[PDB]
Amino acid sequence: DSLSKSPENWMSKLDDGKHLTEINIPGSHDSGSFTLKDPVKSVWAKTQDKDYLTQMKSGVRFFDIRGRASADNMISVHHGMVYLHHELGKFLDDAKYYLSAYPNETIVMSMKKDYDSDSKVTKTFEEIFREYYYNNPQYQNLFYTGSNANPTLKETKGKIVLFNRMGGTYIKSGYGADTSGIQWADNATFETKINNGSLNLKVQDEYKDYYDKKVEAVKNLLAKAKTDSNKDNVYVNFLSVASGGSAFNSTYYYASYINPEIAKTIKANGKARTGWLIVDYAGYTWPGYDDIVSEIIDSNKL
């Protein structure tokens, strides 16, 4: 059977001497937005329909958490202005549970401030994350804390590896975990060095593209990963795109085209490096069309 027939424990079947960078990983964009039900707001604000545990069971390993500091000891999960009805501890507890049941999987968690803090907040978003989550004894042992800038599957499995989109941090483990953080270019394909120059991060995050240009931008970065065997290069390729608003087509409508288009492309490339591909509506299938999460999973070499 191929890896995608067992999406709950697919990383356990790989060689754990691999660097996480060399693994083709399915992520979910604004992972926490499964809570949204409002049909008008959901056109633009909702990007997932499966909860965190169901996403994990479906093979998702990269989680894009964007947040707002709602108190000096709390981060609320957000899409922009829009509160996603739970705090960061919910994601971390779900992750902890999953990883105890599937201990040979790693999860990478991107962390970003998406909206201004509650006006009662006195601390920076990075201080709140560092002090109340990363260093919280409640999540002792859950996070990767090693000093390797380019960690392997073996030293990260059973743990959450920070992908830091907070800016400069005092945290010292994970991607972009230094006092410069990650220089993100807005609505762009870009590359930048991270981890004190140890890694070259290559991103496609052209989130306002219309779908034809979006597909072209995805495929361009997909074509570059394919011929690149450098473990010090890290690819993050977002298939997700903004809706123009509630008058306009939904994020779901776009994903319903982009996902099978990209899944078909990956499948026709066979076993080939993809990078980390971050999708809307992870695990959402359409009869007669390739499934993007499954194809990312099956693109890994055994």
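Don't overthink the numbering: it's just position in the shown sequence, from 1.
> Going by the mean C-alpha B-factor recorded in the entry, which is higher: 215-223 or 115-123?
The entry gives the higher C-alpha B-factor average to 115-123.
> On average, which has the higher Cα B-factor in the deposited entry, 65-73 or 243-251?
Mean C-alpha B-factor is greater for 243-251.
> Checking the entry, which one of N187, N196, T145, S110 has the top C-alpha B factor?
Among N187, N196, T145, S110, the highest C-alpha B-factor in the entry belongs to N196.
> Choose from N150, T106, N200, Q138 the residue with the greatest Cα B-factor as stated in the PDB record.
Max CA B-factor in the entry, restricted to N150, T106, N200, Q138: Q138.
> Sort the modelled residues of this chain by their C-alpha B factor and say whether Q48 lands in the lowest, middle or highest third.
Bottom third by C-alpha B-factor.
> In terms of the CA temperature factor given in the entry, to which third of its chain does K264 belong: lowest, middle or highest?
Highest third.
> Would you mind checking where the Cα B-factor of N164 ranks among the modelled residues of its chain, as the lowest, middle or highest third?
It falls in the bottom third of the chain.
> Lowest, middle or highest third: which one holds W10 when the chain's residues are ordered by CA B-factor from the entry?
Answer is middle: the recorded C-alpha B-factor places it there.
> Please rank the C-alpha B-factors of the chain's modelled residues and tell me whether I296 sits in the lowest, middle or highest third.
Its C-alpha B-factor, which the entry lists for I296, ranks in the lowest third among residues of this chain.
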